[PDB]
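For reference, the chain that follows is the form deposited in one PDB entry, supplied as structure tokens.
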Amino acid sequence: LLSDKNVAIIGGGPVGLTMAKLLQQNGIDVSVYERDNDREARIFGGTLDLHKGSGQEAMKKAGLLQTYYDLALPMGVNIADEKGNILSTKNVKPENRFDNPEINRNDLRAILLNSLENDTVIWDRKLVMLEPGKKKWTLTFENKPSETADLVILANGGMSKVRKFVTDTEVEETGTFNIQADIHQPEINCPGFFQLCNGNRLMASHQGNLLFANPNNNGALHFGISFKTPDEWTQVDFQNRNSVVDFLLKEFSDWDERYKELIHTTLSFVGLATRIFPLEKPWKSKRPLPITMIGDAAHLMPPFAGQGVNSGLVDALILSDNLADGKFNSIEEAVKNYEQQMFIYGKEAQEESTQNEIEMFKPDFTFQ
């Protein structure tokens, strides 16, 4: 159905690599073009958890579920207030494979990459421009040779700049903001807080500020602080750690010293306004050649419903299935169908994540 043709996946995240695998195992010629310099580029962020009905199904179809279980770490959850512990949900042994197990992002990438043929991914390729030829797409990469493909799948994340041939829809800010950081040797560097986590994830919310932590992301503590974006904003510089610290100390002044210590020992902070790429409007029905989008390029949504990668890996599964069978008359029909399905579950997820985002920042929120 792609019989004499080649496919170009833009972006080698979890969604794009998985796409690559499901396509490659059906004999389809595919390349992944990835901005990052090489296999070993550190991916910043906390862990991902694949769910039994969605994410795990993609891995299962990929022959990678067991490997995901082997590397993934199930975790409990503690809910704390701006000092003490309010609930402790440890994982029960029949729930430990179950829509739980936390995996590190480099670990996940290493599983996917290893499952692929050699030289499927081409590194150090930043797609800047896309241009429709007669029977093929011409792809322009910063300071590197251009390439052509019959079908482009955009898997290049929520801030993809190369979406115009699918949709004119734009990324939007939702009104909240996130500060993320890693602490190494958390047991040395934030002892008291590491001891509150006690090997579990931790969440606390108080007076509009939400704190989330995972104490064991391959031995690093990853934490996030989220809040309604200030009307003043931006007016904090994420390059000057001092300006961030000062801001967080004002905001967190009521909180226990163990949380303050977290802000104190962090070397480097990443500030990111929550964004949504809303599935508000249908995508373009007239397109010059075959192109589509999966993952966060398709449906970037706030990270508070835990959804995100899961619906992206479902996109992978539905799309590859659709491309394989030759049930459809044309690539263009296969894409249309995938997109129809994705609009439905994607909108579901976006509503869930939006409503949770609203719920959580509602002034008097508590996690139970």
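Residues that one form lacks are left out of the comparison. Residue numbers here begin at 1 and follow the sequence given. In this text, the rigid core denotes the largest set of C-alpha atoms whose superposition between the two forms falls within 1.5 Å.
Asker: Of the other PDB entries compared that resolve residues on either side of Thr148, does at least a third omit it?
Answerer: No: coordinates for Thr148 present in every compared entry.
Asker: Is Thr234 a gap in at least one third of the other compared entries?
Answerer: Yes, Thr234 lacks coordinates in at least a third of the other entries compared.
Asker: Count, per the entry, the deposited residues between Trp233 and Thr234 that are not modelled, and return the matching class: none, 1 to 3, 4 to 9, or 10 or more.
Answerer: Missing residues, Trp233 to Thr234: 1 to 3.
Asker: Averaging only over Cα atoms, indicate whether 294-302 or 191-199 has the higher B-factor in the PDB entry.
Answerer: Comparing averages over the C-alpha atoms only gives 191-199.
Asker: Would you mind comparing 316-324 and 48-56 for me and telling me which has the higher average C-alpha temperature factor in the entry?
Answerer: The recorded data point to 316-324.
Asker: Looking at the C-alpha B-factor values in the deposited entry, which of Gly224, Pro132, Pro215, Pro74 comes out highest?
Answerer: Highest C-alpha B-factor among the listed residues goes to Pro132.
Asker: Which has the highest CA B-factor per the PDB entry: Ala110, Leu127, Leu272, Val92?
Answerer: Top of the list by C-alpha B-factor: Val92.
Asker: Would you please rank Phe177 by its C-alpha temperature factor against the other modelled residues of its chain and give the third it falls in: lowest, middle or highest?
Answerer: Bottom third by C-alpha B-factor.
Asker: Looking at the C-alpha B-factor of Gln355, is it in the lowest, middle or highest third of its chain?
Answerer: Within its chain, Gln355 is a highest-third residue by C-alpha B-factor, going by the deposited values.
Asker: How does the C-alpha B factor of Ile331 compare with the rest of the chain: lowest, middle or highest third?
Answerer: Ranked within chain, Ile331 CA B lands in the highest tercile.
Asker: Quick one: classify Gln24 as lowest, middle or highest third of the chain based on its Cα B-factor.
Answerer: CA B-factor rank for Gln24: middle third.
Asker: What third of its chain's C-alpha B-factors does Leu87 belong to: lowest, middle or highest?
Answerer: According to the entry, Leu87 has a C-alpha B-factor in the chain's highest third.
The same protein also exists as the form deposited in another entry; that form is not shown, yet it is the one meant from here on.
Asker: Choose, among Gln207, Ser268, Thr167, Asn85, the residue with a C-alpha displacement of 2 Å or more between this form and the one not shown when the rigid core is used for superposition.
Answerer: Among the listed residues, the outlier is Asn85.
Asker: Classify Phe227 as shifted (yes) or not shifted (no) between this form and the one not shown, where shifted means its C-alpha moves by 2 Å or more with the rigid core superposed.
Answerer: Moves: no, less than 2 Å.
Asker: Do you see a C-alpha shift of 2 Å or more at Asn189 between this form and the one not shown, with the core held fixed?
Answerer: No; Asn189 is a residue whose C-alpha shifts by less than 2 Å between this form and the one not shown when the cores are overlaid.
Asker: Would the C-alpha of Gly133 be classed as shifted by 2 Å or more between this form and the one not shown after rigid-core alignment?
Answerer: No, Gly133 moves less than 2 Å.
Asker: Closer or farther: how do the Cα atoms of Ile188 and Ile86 compare in the other form versus the shown form, where the change is at least 3 Å?
Answerer: They are closer; the C-alpha distance drops by 3 Å or more in the other form.
Asker: Against the shown form, C-alpha atoms of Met75 and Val92 in the other form: closer or farther, for a change of 3 Å or more?
Answerer: Their C-alpha distance shrinks by at least 3 Å in the other form.
Asker: Provide the ranges, sorted by sequence, of consecutive runs with at least 3 residues in which each Cα shifts 2 Å or more between this form and the one not shown, based on a superposition on the core.
Answerer: Residues 84-99 form the single run that moves by 2 Å or more between this form and the one not shown.
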